[PDB]
């Protein structure tokens, strides 16, 4: 509906009773500029460019999330405790860069259509749980008010190792696995 050269979210604000937990982030043209670590009261910028030239007061996020908590309790009362519906996430795995054996790379696991925003994303290497070299985005907003989240695995392509992205979510009957390997 809204045509624009650029779109920013200068507050994606989230609070949920499970935990409870929250998230505060800014987005520009669909990518996450920062989130605020609400426990540590720290703004965590997502690019070195941003870390050196930008600043955001973490108390702004803390204050806003406190308002959401207040608002949430009002709307629970007004809705007779209407709970969130669990949606079925969609999972895709692809590489960051063209694959050549022996050349360090990154695998990307996109977990889309997440709701509610509670998920476990982990990696398997030859069936083994991966403990290092994993990072992930925050929850990224969607115009239908679900979320997506992206996890990253650093890896060394080889002829003897294969990968799965493993996703746990209340909308799934069992853990969902998405497979990837160098062809």
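Numbering follows the first chain given and starts at 1.
For the two regions 106-114 and 80-88, the entry's Cα B-factors average higher over 80-88. In the deposited coordinates, the residue among 138, 143, 126, 43 with the greatest CA B-factor is 126. Which of 57, 132, 33, 29 has the largest Cα B-factor in the deposited entry comes down to 132. When the modelled residues of the chain are ordered by C-alpha B-factor, residue 11 sits in the middle third.
Compared with the other modelled residues of the chain, the Cα B-factor recorded for residue 65 ranks in the middle third.
Sort the modelled residues of the chain by CA B factor and residue 167 lands in the lowest third. Among the modelled residues of its chain, residue 148 has a C-alpha B-factor that falls in the lowest third according to the deposited record. Ranked by Cα temperature factor within the chain, residue 49 sits in the highest third according to the deposited record.
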